[PDB]
Amino acid sequence: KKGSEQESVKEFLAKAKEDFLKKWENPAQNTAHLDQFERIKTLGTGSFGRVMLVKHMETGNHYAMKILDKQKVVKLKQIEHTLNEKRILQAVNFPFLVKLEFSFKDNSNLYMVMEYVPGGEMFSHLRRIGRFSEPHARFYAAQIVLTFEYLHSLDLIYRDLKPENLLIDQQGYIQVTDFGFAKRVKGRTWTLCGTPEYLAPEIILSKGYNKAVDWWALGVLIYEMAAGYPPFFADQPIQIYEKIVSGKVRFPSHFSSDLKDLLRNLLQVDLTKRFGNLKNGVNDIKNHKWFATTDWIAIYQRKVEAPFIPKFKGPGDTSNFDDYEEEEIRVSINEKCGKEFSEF
Amino acid sequence: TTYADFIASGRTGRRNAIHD
Ligand SMILES: Cc1cncc2cccc(S(=O)(=O)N3CCCNC[C@@H]3C)c12
Ligand SMILES: Cc1cncc2cccc(S(=O)(=O)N3CCCNC[C@@H]3C)c12
């Protein structure tokens, strides 16, 4: 069924693509400097560096600053992925994607300054509560459905969906962060990347893959949210991989028959049977019985009352994040890896 | 139960990405 609603979506996406392409072809560079920011506290870490809460001295606004050590990025062969991340993030604009406000680099590091999202990682809230009710999980899943509709329309694959990468804002809505493995590609791509529990079978089997991997991952996410544990787990990655390729899933006894039916279609090992990848595209998911009560337009416009609103005691509050050890930011007197990060 | 098996497993914390 094509109707007026589907035509309005098509028109919105056409205009969004025009906007994206102007920024894609002419990316912003060097729009701030380190000493414009007061560093307050570390909010999170990774392999390339860390994320810190900072205050912009001229406006008094708080932001989350991601810092990447250029030498570590080279050592781990993530040069191209880091260039993809920044070029994509500065070009996108959607209600459920974190906004990149500034970017710059110095002799040692790359910096990306984003909006501060104070509600914490969905990961934290999920492990604490155990599991979300079906209506709670559906509210979040709808936001990711609309996000992947937007991203895929721009020829982007996201490739790292998991509760650790979803933050909850003050209104209880989701913001997707970490675009470290996002790529703009027409056609197939081949890199082995993502998180073991969330990897599609075609990635593991080295087959060449496309946007359908993101729809698999959404199946994994919905299961984990509704069960409290992922569908494929073990203590060692190789044991996880074995389970993923077998095509055997067990559902908890409390899953509704409609949830089970959606998940059998998202967790389809065979590419040409997987929801999101058939002729009706994303509409096979949006029209599924599990989503019959969902008002897609109201979700987009943020008019649905969220089931959970995190506690926030004033600007600058970090109580929804864990504590981490504070390291000094070292900036060398000589420039490192200048050629490699020329376009950043 | 499966949930009890999960919470006693070695992967209940934040999961890092892998890469080539
Ligand atoms: C707290 C925070 C708050 N606001 C914006 C953010 C943007 C990116 C990453 C973070 S972050 O959570 O520090 N971050 C990276 C560290 C690894 N875990 C994934 C997670 C999403 C932000
Ligand atoms: C995105 C990209 C972007 N710009 C330059 C590039 C140069 C070489 C490889 C790539 S790449 O596609 O990132 N790449 C390397 C990473 C592993 N997968 C193989 C593939 C050829 C580039």
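In what follows, the structure referred to is the one given above.
Caption draft 1: Quick look at the side chain of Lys70(A). All names here are of chain A. On the secondary structure map, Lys70 appears in helix α2 (residues 70-75). At 3.1 Å, the side chain of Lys70 and the backbone oxygen of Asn107 are in polar contact. Residues contacting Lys70, with those up to four places away along its chain left out, are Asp106, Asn107, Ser108, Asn109, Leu110, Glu335, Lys336, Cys337 and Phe341.

Caption draft 2: The arrangement of the nonpolar core in detail. All names here are of chain A. Ranked by internal contacts, the top residues of the largest apolar core, which has 94 residues, are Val92 and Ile222. Looking at this core element by element, the count peaks at 12 residues for helix α7 (residues 212-227). Taken domain by domain, this core gets at least three of its residues from each of domain 1 (9-26 + 121-311) and domain 2 (27-120 + 312-342). Setting aside chain neighbours within four positions, we find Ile222 in contact with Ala141, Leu259, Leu262, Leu263, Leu266 and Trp290.

Caption draft 3: Quick look at the sheet that holds strand β1 (residues 37-45) of chain A. Residues and elements named next belong to chain A. Taken together, five strands build an open sheet; the order of strands is β1-β2-β3-β5-β4 and the sheet is antiparallel. In the strand order of this sheet, the two ends are held by β1 and β4 (100-105), each with one partner. If you compare each strand with its neighbour and ignore which way they point, the axes differ by 25° on average. Sheet analysis places β4 next to strand β5 (residues 109-115), joined by five bridges and oriented antiparallel. Each residue of the ladder has a partner; that of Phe102, found in β5, is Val113. Across the sheet, helix α3 (residues 79-89) touches β3 (62-69), β4 and β5, and the angle it forms with β5 is around 35°.

Caption draft 4: Focus on helix α9 (residues 257-266) of chain A. Residues and elements named next belong to chain A. For α9, the set of buried residues is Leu259, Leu262, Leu263, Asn265 and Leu266. Projection of α9 onto a plane perpendicular to its axis shows the buried side chains occupying an angular sector of 160°, all on one side. When the buried face of α9 is taken as reference, the exposed residues oriented beyond 90 degrees from it are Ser257 and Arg264.

Caption draft 5: Inspection of the site of ligand 1 at higher detail. Residues and elements named next belong to chain A. The environment of ligand 1 is made up of 15 residues, and the closest members are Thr45, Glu115, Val117, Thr177 and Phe321. In this structure, a nitrogen atom belonging to ligand 1 sits 3.0 Å away from a main-chain N or O atom of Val117. Protein contact buries 90% of the 470 Å² of open area that ligand 1 shows by itself. Listing elements by their share of the shell around ligand 1, those giving two or more residues are β1 and β5. Taken together, the residues of the shell around ligand 1 sort by class into eight nonpolar, four polar and three charged. Here the shell around ligand 1 gathers at least three residues from each of two domains, domain 1 (9-26 + 121-311) and domain 2 (27-120 + 312-342).

Thresholds applied
Residues numbered from 1 in each chain as written, not as in the entry; some residues may be left out. Chains lettered and ligands numbered in written order. Heavy atoms only, no water. Helix = DSSP H or I, 4+ residues; strand = E, 2+ residues; numbered from the N terminus. Polar contact = N/O pair within 3.5 Å; in protein donor to acceptor, adjacent residues only side chain to side chain. Contact = heavy atoms within 4.5 Å. Core = buried A, V, L, I, M, F, W, Y, C linked by side-chain atoms within 4.5 Å. Buried < 20%, exposed > 50% of the residue type's maximum accessible area, 1.4 Å probe, protein only. Domains from an automatic or database assignment. Pairing = 2+ DSSP bridges. Axes fitted to C-alpha atoms, helices over the stretch in contact; angles between N-to-C directions. Arc of directions from axis to C-beta. Near = heavy atom within 4 Å. Areas by Shrake-Rupley, 256 points an atom, 1.4 Å probe, with all protein chains shown as cover. Nonpolar A, V, L, I, M, F, W, Y, C, P; charged D, E, K, R; others polar.

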